Structure formats: C-alpha cells, structure tokens
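A.B. asks: In the first instance, please consider these chains from the complex; the rest will follow:
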Amino acid sequence: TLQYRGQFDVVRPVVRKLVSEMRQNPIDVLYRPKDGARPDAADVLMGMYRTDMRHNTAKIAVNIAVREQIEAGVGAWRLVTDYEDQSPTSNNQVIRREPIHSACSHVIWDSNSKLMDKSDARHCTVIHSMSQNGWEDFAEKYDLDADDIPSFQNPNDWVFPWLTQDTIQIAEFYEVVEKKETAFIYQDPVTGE
Amino acid sequence: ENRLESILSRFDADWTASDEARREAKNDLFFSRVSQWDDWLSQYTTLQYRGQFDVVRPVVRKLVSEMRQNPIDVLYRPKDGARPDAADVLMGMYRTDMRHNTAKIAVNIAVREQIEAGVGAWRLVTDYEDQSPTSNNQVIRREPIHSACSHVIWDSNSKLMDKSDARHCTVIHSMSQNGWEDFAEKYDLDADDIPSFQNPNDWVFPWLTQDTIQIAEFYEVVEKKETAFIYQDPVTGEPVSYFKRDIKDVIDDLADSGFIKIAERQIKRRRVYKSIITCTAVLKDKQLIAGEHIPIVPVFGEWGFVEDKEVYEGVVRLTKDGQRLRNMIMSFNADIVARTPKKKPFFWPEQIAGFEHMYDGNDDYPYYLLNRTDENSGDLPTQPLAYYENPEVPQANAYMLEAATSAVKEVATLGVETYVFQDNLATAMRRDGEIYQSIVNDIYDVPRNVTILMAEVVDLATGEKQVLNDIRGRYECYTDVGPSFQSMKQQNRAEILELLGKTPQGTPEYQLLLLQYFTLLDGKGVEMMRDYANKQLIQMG
Amino acid sequence: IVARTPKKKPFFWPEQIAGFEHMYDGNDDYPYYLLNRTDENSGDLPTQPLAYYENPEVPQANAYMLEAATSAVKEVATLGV
Amino acid sequence: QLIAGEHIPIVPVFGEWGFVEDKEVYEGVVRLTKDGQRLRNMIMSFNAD
Amino acid sequence: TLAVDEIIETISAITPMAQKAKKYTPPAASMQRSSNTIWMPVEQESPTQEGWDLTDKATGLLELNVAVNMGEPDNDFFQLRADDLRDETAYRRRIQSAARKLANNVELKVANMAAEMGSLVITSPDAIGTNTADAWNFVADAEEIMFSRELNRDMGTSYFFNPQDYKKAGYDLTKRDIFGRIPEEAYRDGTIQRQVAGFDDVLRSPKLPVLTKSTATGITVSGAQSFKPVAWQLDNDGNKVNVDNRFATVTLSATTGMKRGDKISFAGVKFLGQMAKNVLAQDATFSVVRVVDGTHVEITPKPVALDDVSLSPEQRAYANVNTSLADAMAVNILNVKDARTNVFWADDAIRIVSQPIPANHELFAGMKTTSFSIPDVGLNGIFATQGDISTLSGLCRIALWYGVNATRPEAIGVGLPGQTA
C-alpha cells in the first residue's frame, strides 16, 4: 500500500538526555592497596592502567557500551594485547580496549552463567562480521588462508531498505580451564624466595 | 591484480557500504540549508503555494552558538615519568601553526555540519613555507572539508568513532576549471587530461549542480617492521634513526660528522601513502606523506552501528516530518485564505432589478430597496436573505498545525545542552593532536632537552638539503583537551590568572601577581610595570 | 484526514447557478452572487437552505488517544527517579 | 598593475555560511522571515479591502 | 507490489580496447573554426642517390600528413513523467546504466574501427584448435609481419582474441600432457599468458566483430593506376587543400559483393621493407574502407609502387609496394568465410579525439548541466536536465562527443582463422 507513515519521535529526547547525563560522570578503575600490604603497592599498576587506557579507543569503547546499555539493554567491550615497538607500556607490549557493536547478537555467553558480569562463564564466542577487504586483513593478520572465505551464523537480519549487507563471518571462541599446574619455588640470589 | 583495480574495488565497497547514511545526511544538509520543500518532481507540476514557515533553524542556530562560545583545542601534557617540560616546545609549534584563520574555519565548518547532518571532517596538510616557517622551512596547517558525509569515504571495516583503525580513506575533490588547472600545476599532473571521478552528490537533487571537475585522493596506512640504525651521539647517549629517513641523503654524512653505528634493529611503525586517482588511471601512485596516521579527522554527532552499518544523526533528521507537515498545513491554509469566495448576499436578479447601483459598495443612500411585485405571480416569493459563509480554517488543520509544531518542539531538544556533541568534538581534537604529533616528529626539527639546554642535531647532504634528525624517544607527551589559546604567552597568562583565583592573599599571591605583571604585553606603562615586577622577582631571589 | 478530505464548499443544483457560474469562481469582482429563480416546468425553484460540506475534524477518539499515548510514554520513560 | 601586499585587498564578512553541494550558500536574518511577512502583508491588505 | 532495495546485478562489461587506446583533446576554438578536423604530419622518409657528380639531381622536400575528425554525440535522452512511482524510482539506476552503455558504445566503435580499417591481414586455412601451438603461431605471424615491415612498435603492441579462440589457445596449452608453469596457469586460470610470441599485451576482448565473408569474385583492375604521395593539391580556386595519406581510391571492373571492411590483395604486388625498401615475400594486403560508385573503392594503404616511373625520388622514398597495378591484376579476397576477428595493433595506431559540449554557457539558461564521467574509458560528457510544464515532464539528457580514428592503418591488423573455401 501507499500510505503515510510519520515518526513523531518522543523517546529519542529521553535517550539523548540519559546518554548525556551518564557521559557527564565518567568512571574508571582505581587500584587500592590491600590489607597489610605496602602503602604504595598499587602505584605501578595504576600508572600502567592509566598509560594504556588514556587513548581514544578505550573511551570510545566504553561510550559505545554505555549507549547500547541504555538503548538495547546490554553492551560490551574487549581487552586485547599487542606488540608495540614505538611507545610500549612494558615489555614491548600494550594492552588496549576495543569496542563491540551490537553485543546482544555479537557476544554469545555461556548459558550456565548466573552473574551480571559473567565471571562464572567458562566460554564465550564473539562473532566478527565484515566484508571482503576486512576478511583479507583479518586473514593476513591472524595467519589464515584468505582463499577460504569463512561462514558462521549471521547475527544480523535482512533489512529490506538497505542496498548492501556484508557476508563474511567468523567466530572467536574463548574458553577458560582451571587446573593445578606446577610452580617452582626458586631462591632469590638477592634476597627472599 | 592492477593497482587501480584494487583501489577502485576498495572504494566501491566503501561507497556501497556507506550508501544509506550518506544519502540521509545529504537530505539533512539540503533540508537545513537550501529548502524544506525538497521534492524535485514537483518542480514542473503546476504552481501551488508552497510556504516555508521554519521552526527548526532557530534550534540549529542556538546549538551552533552554544558550541561556538566554548572553543576546544589540543593540549599536550608530559607523560608519567617524563621531564616536567616535555611538551612546551610541541605546544608552541602547535599554537604557532594553528593560530591562523584556516584552522578555526575548518573546525567551525566541521562543527556546523556535525550539528546539522551528523558528520563533518577536516584535513591536516603540510606545505613548504619560506617567509615565516614554523620549523625546517615548513608549516603544518588545517584545511576544511565541505559535505564530509559524501566527500570523505572511509574504510568500511572501521568500528571506531574517529576511524583510527581504518586502513585507507578516499577523499573526493571537486574544483572549478581554474581550480583544476592550479591543482595540476601544484601536483605536476597534466592539465589537458581532464580528470573524472564518481560524483559526490550522486544524482539525488539533480538541480543544484555546477560545472565541476572531480578527482580523488586515496590515503592508505601500512604497518610494517623497518630497519632503524642505532648510532652513538658524539655529545652523549645513543640516538636511533630510521634507515628510510637517512637511506642515501646522510647515511655517510653521519659518520663523517662523527656518528658511529652501534647496532641495527627492526622497529614496527606505520607509514602513510597518498595516491591521486581518477576513474581510469592513477596519476600519482604511492607518494609517501609525512606522519603515521591518515590526515583526516572526522567529527560525529549521534553515532553507532545498527547491523554492521554505521548510522550518524545530528538534530535535523527527526524534526523533518513534523516540519514538513507544518509547512504543508500552512500552505493549505494560505490557499484557503487566498482562493475562496467572500461573504456576499445571494440575490435573484429580479429582486434588485433597477436597484443594482445601491449594492455596489457606495454609501450614498440611507437604505436598500428591493422589488416586491412580479407581473405574473403578482408578488415575489419571500425568502430570508442568505450570505455566503465566511472562510474558516478546519479544526483538523488547526489541530494538526498545533500538533506538528509541538512535535518539532519536543524532538528538537539536543540533550537536556551540547555536552555529548562537545565531547565528540574533544575526541576529534585528541585525534587531531595525535596526527599532528606524528607529522611533527616526521618533518619538523624537534630539539632534545638535556639536563646538563636544547640540542638540535642536524646535518645537510651533498644536495644542500637538510635532513631532520629525531630520536626514537619522541612520544614524551600525550594529547589532551583544553581551552583554545592563540599563543604560549596567552596560555601562561591564563594559567597564572587561574592560580591567582584560588590562592589566598599571601606570599604566593604576591609572587603570582608579580609573575602576571611580568608576563604582560609591551607598550610603555606596562613596560614600566613589567620591569618593576622583574626587578622585584630577581631581588627576592 | 487533513490531506485527503473534501473541504467546505456549497452544494448546488446545476440549474440554480446555470449561467452565473463565473460569479462563484473565487474572484472578488462582483458585489454579490446571483441565482436562478424560475423553471419553465416547475414554475419556481424549490426552496431549501443551502448546505455546505462540513469542515474536516480530528475525532475526539484520535485526540484523546494521542494525548493518552504521549502521556503514557512520558510516564514510562523515566529511568529511575 | 602590481599593487602592494600579498593578499587580495577585499575583506568579506559572512552571516550563516556553508556549502551544500559544491555550491556556497549564505543567509542573514531576513531570508527565512520573508514568507511569513509577505503572507501577513497580503492578509492585512485583504482585510483593509 | 512495491519492490525491495536490493538490485539484482545482471550484467558486467569490460572495455579493454577503449581503455588501452589513447585519448586526444585538441583545442576547442581551433576545432570549431577548423570544422572538427586537425592534421598531423607523418614521419619523413628521405631518398638517397649514389654517385659523384649530381648536377641537376638535387631533390626537393615532401612531408605527408593525416587528418583526425569527430562524428556525432552519443546520447541517452530520456523522459521523466511527473506522477509516476516507476519514474520517481530508478531515475538514478537509469543514469548508471546510461554511463555503462556509453562506455560500451565507445569500446564497440573502437573495435569496429580497428577491424574494418586494419590493413595487415593474417589468415589461416583451419581453426585454431586443430594443430599444436596454432594460436601461438597466429600471434607470432602477426608479430613477424609487423617486424618485417619495420613498423614503429615503440609505445607498445597489443593482440586481442575473441573468447572462443582464447579458449582454443588455453585448450592447446593444457592438453600438452605436461605441467610446468605456463600449463599450470592456463589450467588453473584460463589465461594463456600476458606476453605471447613477442606482443607485450595479449588480452581477450568480448565484443570483437564478425567479419562476414565477401561474395566478390572475378574482379580485375581496370586500367593501370599509379598512386603518388602528396601533401597538398590545388582545388578549382587555386587554393592548396591538404591531401590525406591513409586512403586511395581505385577503379576495378565491378565492385559487387564488396563493402566497407573486406580485405583484398592484388596478384603480383608485394610488401616492401618500408625503411630499406627490401621486397618481402608476403603479398600486400589492403582493406576497403568505402565502396563508392559501381567501379570504385577506397583502400586504406595507398599502394605507392617502387617501380613507378612517374614518381619523383622524394615521392618514391615513401614507396610501400614493389610494383603498380597493371590493368589486369586479379584482386583476391582474403575473407572467404565468416569468422570472428582477432585484432592486433601498435598501441599508437588508434586514438580517440574528444571535444566538450559547452552547455554550461549562460545561453543555456533554464537547464542544469553537470560534467558526466563515463567509467573505464577516460571520457567526460555533459549531463543536462530541463523540464516543460506544458507536458509536466522533466527531460534528462546525457551527451558525450568523441571520434575514433585510426591514424596508422598499416599498423592495425586482423587475424582470420579458418579461412578455407
């Protein structure tokens, strides 16, 4: 049919107000020394956290998670490590933070998880969807054979009014194993053990 | 396999993947800048009244003024553990080559387009300046990009608000005939061969079209490990310089002057290449440019991904329906007022036969006369006089005019305030500072501060060209956001005033007052005051 | 309702204004409007007050429910307090 | 004829300025009010008649 | 009823010949007053005598030239009804299709011009896939006939196959019962190679013409004809008009069954060495470009004969044929069977003259005009839009003006497999 359809929006101003309100009050981590530890125990860790979390990617990832939390109900972000040779935080490496867009359909958690932060999840899959050039970059970066185009459960839906949707999908499956492994008690040539 | 084949494939992928957002942003720009009657087929469908009773533009003006009253600029601060003055020289350079009008104009254009359409951008370029260089006979300046939505096509596989992880980006340049001639002269291209590229405006709005020439610039970032030579400084310590920067120019001049090679390492870094392309061939293939980042900074309004598709929105997209309804209803009511018979009596011709000059409108008579008799019926039929009803605005028209105006009023409220837009602009300025830092490390002369003065170490080649020598200990200051200042003296004056505003009236207050007098501009009386402050500070030890 | 609905215009038999149509065109060149009075078969035109098409109106149901829905959204879209 | 300076001696001042599609557009304070003002003048003229 | 927004992509064309051919844009005012034609000189060839005393033997100077002109604009004039959903939608897909169609038309005209004005004709008695390395033999024959005539291959050469003969060449390569690198590539991909038998570009073109056979038979030269190179000649008014060098009109007994594009070869004439004037063993091949009258044709290589007695030495320096036509020479027709053509050329033999349509001018007010960029090919035209309220229909037009020219038809060629019977 050919009938009028107008959006006289009244929920978007509320969402904008909530997003602005929660952006005006930024929050980050703060490491504090434990009970009985030295007063300056968390100085090094706090300094490194600030150093490699001061970048724009960390702020943008947190903002994206916040906006998706306000709108859909769940957001997320990721922590990754890279080998940086120019300005490394320590041991010629950096730890950075990356956004996850549409976490509700791109981050599938362990079903047997009854915690809000999912610390009792033993595995989690992240579904990376992209186009041809992105696939070439991903394969050449993780040392895969770029000829074999990967496929996975497409987390998006066919939006009729959109000309083009990407078709390359792959999954990253993290799993955690808790086990008793051997630890060696050396004797320090300087002092202690 | 062809270089042009690969480049065009990447551009077409990005152009198709950014198709809906770009068209909606162009609609927003046309709606908020040209006209709200953005139909094009109705240009030849018989003229009817089409008013423009605008209620969204005041909101855009208010938000633009609010974002203009609070300027935001890059602010470099020393890293943790760095020397306390590790950022003063870089800050001085940034202020020196960003105090011009082009920088502010580019920022203001990007901010206005961010408010209206949802996305804007600007570019950082480097030029050879002779009369008033910033460093090493060069300047780093900022240039605007108009209609960034349709003119800057980013890598599709980029999921950051500032497009940090984009591996490539194509910018479409449109220029008049004289502009293309000057462009060709500047880049040593061929002026006869008129270039061609995909039209940024596509073919939406087939009017508003000019005889313009399009070309494209394709930037790409390549991250690789390259060789770095570790010399021993004849003064003190050991600097590390990239082999690609002194490959042939001074590779032996360093030793001749007294730099001895110590080691040789492979260090990963990013290099940026620019290409000049048309739809048929590459004019400049892989011209390496300064920096480690793509020189384009984007500014976004409301930004996100819906399903692997980037959506951005300003303040105009939602109000459009209510505003269009308001314009339509006002046009209908104007038609009602204009083309409608007025209130006049209904007469039979025989009721006023002979008395028709009494009703023409004059006031020469004390009453109106009517014919009473007919030669056939004996007496004219008696019927009460009727008047054509007065024109009225329908209750539906009035109600929906109020409802549309109220809906636009409800939805055209950014925030409560422009805190989110200003934060996005601050993010863009942080990216700008990052890019500027890299370019400065690449082309300017950055002195090293020893604790034993600044030690500028440079040497020329046999072709009389001077090669900058920047150590690998360069990222010593991190980017931040702060109030916009024209110069380092202005920043210092502001800092001293800020400290004065919180220190109570004691010995630090006296010291800060004398310091503020010392940091003043020069006339005659302020010269006397500043000399007095200088002498007092020197005497007080 | 606003867009596609006939507006307030008079109802006429064709014989009432036959010959005087240009008077009802919309112009203001005349001091009044004339009407036909006689018929050669019915003697005289039947007498009945003129009718006008009713102006468009937004139903009370539409108005009440627009207000109720807007108020309902405004009340339920209060995150916390 | 060579004249003094490095810049064109004309200084332009703008109100609302921008580009729409490779076309420069500027506006003051009067352009948007013209439709309403013309409608009001016409209606007042009709009422005077 | 209404459709979704995803386009079913159905066709994809490639324009290799048009991409490869150079583009030339001479000055617009000069072309306007010059009637859209411009002359370029041809490389000068000098005579040479031997002896001690040369009294009254000094020669003159001669410098021939060729002309390049333009044809007619190729348009996509179409209409836009006001009240039409089908016209409101798709009026941008129509613009895209117009761009692709215009580029395709440019490539088609280039290919047809090359095929119908290529002088060098290589023919075969059987199809390509019959014997071993027959496709290589074809490409090598083209290269050898271009080398023997000492043509200028300085800026590159190119050989275009049609898809069927490309598949025949690939089949010939893969059936070798061996696998090195060339067979492995011709087996994995269909590509034979990029350089083959000397050419530095060997492509497959999807829209080469089909050179239909010529029904002409029993035609003979009527009267001895000698063709003389000139740079100009005087008209009725005494004005010297320039003379084109890449054409020559010749009278035969009857030109029945002949058309523009048939390849002929007179019985007796032979090619020369051009630079050295050494007689080749290959019969001179010509191409008919126009059939005028019932006893005249226009053949594109002008047969300047070496044994001509009426030629001055500075004209004989331009000879390209060993002997002249002699009133009885049987003219053989080389295309005796229908076959899709393979086309080889020197890369500087085909050019594309281009001119703007200055419809941005103020005289054309009311209509809105933009520069239009056709893809693949480096051509720009105009895109104009207007509209008449009389019919309440916007009119949209796309125009682009070019002319394809073969400046050196002696370098362009035509390969004709399976020309038996």
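C.D. replies: Nice, I can see it. Numbers count the residues shown, from 1 in each chain, chains lettered A, B, ... in the order given.
A.B. asks: Quick check: the gap between the spatially most central residue of chain E and residue E:176.
C.D. replies: Nearest to the geometric centre of chain E sits residue E:114, at 2.2 Å (CA atoms, centre = their mean). Separation of residue E:114 from residue E:176 (CB to CB, to the nearest Å): 32 Å. For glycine as for every other residue, the C-beta is placed from the backbone atoms N, C-alpha and C.
A.B. asks: hang on, isn't the residue nearest to the centre of chain E packed against residue E:344?
C.D. replies: No. Using CB atoms under 8 Å as the test, residue E:114 is too far from residue E:344 to be in contact (9.1 Å).
A.B. asks: Can you pull the residues that touch both of those two?
C.D. replies: Common contact partners of residue E:114 and residue E:344 (CB atoms under 8 Å, 6 or more residues apart in numbering or on different chains): residue E:412.
A.B. asks: Just give the nearest non-adjacent residue to residue E:74, would you?
C.D. replies: Residue nearest to residue E:74 in three dimensions, not counting chain neighbours: residue E:105, with 5.4 Å by CB to CB, 6 or more residues apart in numbering or on different chains.
A.B. asks: Of all the residues in whatever helix or strand the residue nearest to the centre of chain E lives in, which ones are buried?
C.D. replies: Residue E:114 belongs to helix E:93-117 when assigned by DSSP states H and E. For helix E:93-117, burial by neighbour count (16 or more other CB atoms under 10 Å in any protein chain shown) applies to E:94-95, E:98-100, E:102-117.
A.B. asks: What about residue E:6, how many residues nearby?
C.D. replies: For residue E:6, the neighbour count with other CB atoms under 10 Å in any protein chain shown is 14.
A.B. asks: er, residue E:71 actually
C.D. replies: There are 13 residues near residue E:71, going by other CB under 10 Å.
A.B. asks: if I pick it, what's in contact with it?
C.D. replies: By CB under 8 Å, 6+ apart, residue E:71 lies in contact with E:402, E:403.
A.B. asks: let's put chain F on the structure above:
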Amino acid sequence: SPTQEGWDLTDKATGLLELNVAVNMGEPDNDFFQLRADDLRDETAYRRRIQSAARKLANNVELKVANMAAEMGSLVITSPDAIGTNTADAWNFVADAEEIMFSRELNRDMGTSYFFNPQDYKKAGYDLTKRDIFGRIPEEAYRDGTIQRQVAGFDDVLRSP
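C.D. replies: Chain F added:
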C-alpha cells in the same frame, strides 16, 4: 539503458522500465515423534533422535538447493562423449562453461562455482593422472582425488554427492 545518436533529438525521448523478480518461501520441513512418559526414563534415544533430525534437515536443505539449481539453469553445455575420453575433456567442459558465461557478459563479481558429481570428479582426476608426468597438479590428483580448487577461471570447483 538504450542510446541514440545526433544533436537534434526532439520527440525522441524514452521512458523508464525497471523489472522485478520474486523470491518466496515454501513448505516447512518438519520432524514429528510421540513418546509416552515411561519411555523417557533413559532419554538417550530421545537426544539422539533430536540430533539426527537436525542432520537430516540440513541434508534436505542441500538436496533442495541442488535440485533447484539443476532444474532452472538456462546455460547448457553438452558433450557428445564421456568426460573421460580424450585429453583435457574435463578442462574443456569447465572452460566451455566459463566461456559462455564470459561472452554473455554476465555479472560474476561475487565469484563462480562448479560442482561435479563424484563420477565426473573421478574421471577428471583420471584425466590428470594419466598425463605421463607428475609436476604438482598430477601429484596432488594422484595422492588425493582433488582436481584443484580452481579450474579454467572458476573460483571454486567442488564435488557434490
């Protein structure tokens, strides 16, 4: 789009024609089964029936895809002999497919696929192995049956059961 030549084009404009194709769904593919309460004290057969139902539904999808592709396909390349006799017949078959698709100027930006039935795949492997030389392709076709992952310009060549 069409085209026309000349300067004067009065009353020679053309309209616009955009065509459509229709895509729909069909009968759902089901699996029923009924069990009594006493028959779920073990549950192993129940779980295995669920798994086998999933596998069979996937196989049905593949069967439908193959049948539809084989039933509505306009291009037909026929040979008057088996795909084993005479050399490079499998390559000629695949290359004939590529040639018709290329000369038709059809759109192949998304890739191209060829699917052999196992008999023809074995015949093509035989065509490679009987070549009286073992460079790399014959060696791979001797060790494993794979023709290759790309033949005569096709992006993906596979065997389909």
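A.B. asks: once more on the neighbour count of residue E:6, this time with chain F?
C.D. replies: Residue E:6 has 15 neighbouring residues, counting by other CB under 10 Å.
A.B. asks: go on, residue E:210?
C.D. replies: 11.
A.B. asks: Help me confirm that it comes into contact with residue E:339.
C.D. replies: Yes. The pair residue E:210 / residue E:339 is scored as a contact, 7.1 Å apart, by CB under 8 Å.
A.B. asks: need the contact list for residue E:78.
C.D. replies: Here residue E:78 is in contact with E:94, E:98, E:395, E:396, E:397, F:1, F:13, F:14, F:15, F:16 (CB under 8 Å, 6+ apart).
A.B. asks: do that again at 10 Å, thanks
C.D. replies: Counting by CB atoms under 10 Å, 6 or more residues apart in numbering or on different chains, residue E:78 touches E:87, E:91, E:94-95, E:98, E:394-398, F:1-2, F:4, F:12-16.
A.B. asks: do the same with residue E:303
C.D. replies: Residue E:303 touches E:225-227, E:248, E:250, E:266, E:269, E:284, E:286, E:319-325, counting by CB under 10 Å, 6+ apart.
A.B. asks: Same list, those residues, but only the ones touching chain A.
C.D. replies: With CB under 10 Å from any CB of the partner chain as the criterion, no member of those is in contact with chain A.
A.B. asks: now, among those, which is nearest to residue C:80?
C.D. replies: residue E:286 (92.7 Å; CB to CB).
A.B. asks: Look up which residues are beta-bridged to the closest one.
C.D. replies: Under DSSP bridges, the beta-bridge partners of residue E:286 are residue E:264.
A.B. asks: Against chain C, how distant is it?
C.D. replies: 74 Å (CB to the nearest CB, to the nearest Å).
A.B. asks: I'd assumed residue E:301 was in contact with that residue.
C.D. replies: Yes. Residue E:286 lies in contact with residue E:301 (CB atoms under 10 Å); the separation is 5.3 Å.
A.B. asks: between the two, which one's more packed in?
C.D. replies: The neighbour count for residue E:286 versus residue E:301, taken as other CB under 10 Å, is higher for residue E:286 (26 against 21).
A.B. asks: okay, now chain G:
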Amino acid sequence: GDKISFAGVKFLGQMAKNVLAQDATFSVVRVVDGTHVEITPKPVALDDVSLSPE
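C.D. replies: Once chain G is put in with the chains from before, the structure reads:
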C-alpha cells in the same frame, strides 16, 4: 528441468547486443497445458519491431 533450444535463435552479448555463435538454451520449469510450457529465460528478440526503445 528439461533443456530446449529453438532452431535459429542465438544468444546475445547482453550489453553490446552482438550475436553470439551459440544457440540460446532455455530450461522448462512448468508444463501447464498439452500445448503450453514455461521456460526460464525470456526470449526478448533484438530485431522485434513492436518493442519500444527502452
């Protein structure tokens, strides 16, 4: 699923409209009558005179 081909009808270039050397092949998808069938490629003729330019 049966494959047919009309004698004398050849494929076209589909962009350049140049006659291919190979006969147009169609695949029948429905036999609706004893005299009517349905073939999956529409045979739109190039030399048809009742066809509009578009």
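A.B. asks: Revisit the neighbour count of residue E:6 given that chain G is now included?
C.D. replies: Residues near residue E:6, counting by other CB under 10 Å: 15.
A.B. asks: backbone phi and psi for it, please?
C.D. replies: phi -100, psi 120 (degrees, to the nearest 10).
A.B. asks: which one is it nearest to, not counting chain neighbours?
C.D. replies: Leaving aside its sequence neighbours, residue E:6 sits nearest to residue A:163 (CB to CB, 6+ apart; 6.6 Å).
A.B. asks: repeat for residue E:259
C.D. replies: Spatial nearest neighbour of residue E:259, excluding adjacent residues (CB to CB, 6+ apart): residue E:291 at 6.1 Å.
A.B. asks: is it true that the one you found touches residue E:264?
C.D. replies: No. The criterion here is CB under 10 Å, and residue E:291 misses it with residue E:264 at 11.7 Å.
A.B. asks: My guess is the residue nearest to the centre of chain E contacts residue E:346. True?
C.D. replies: No. Look at residue E:114 against residue E:346 with CB under 10 Å: they stay out of range, at 11.2 Å.
A.B. asks: returning to what we had before: and the residue nearest to residue E:259, what does it touch?
C.D. replies: By CB under 10 Å, 6+ apart, the contact set of residue E:291 is E:255, E:256, E:257, E:258, E:259, E:260, E:262, E:297, E:298.
A.B. asks: How about residue A:111?
C.D. replies: Neighbours of residue A:111 in contact, by CB under 10 Å, 6+ apart: A:121, A:123.
A.B. asks: Sticking with it, tell me its helix or strand.
C.D. replies: When elements are assigned from DSSP H and E, residue A:111 belongs to no helix and no strand.
A.B. asks: Can you report how many residues lie near residue E:410?
C.D. replies: 24.
A.B. asks: From residue E:205, how far out is it?
C.D. replies: Distance from residue E:410 to residue E:205, by CB to CB: 21 Å.
A.B. asks: Tell me which residue of chain A lies closest to chain B.
C.D. replies: Chain A approaches chain B most closely through residue A:134 (3.2 Å), counting by CB to the nearest CB.
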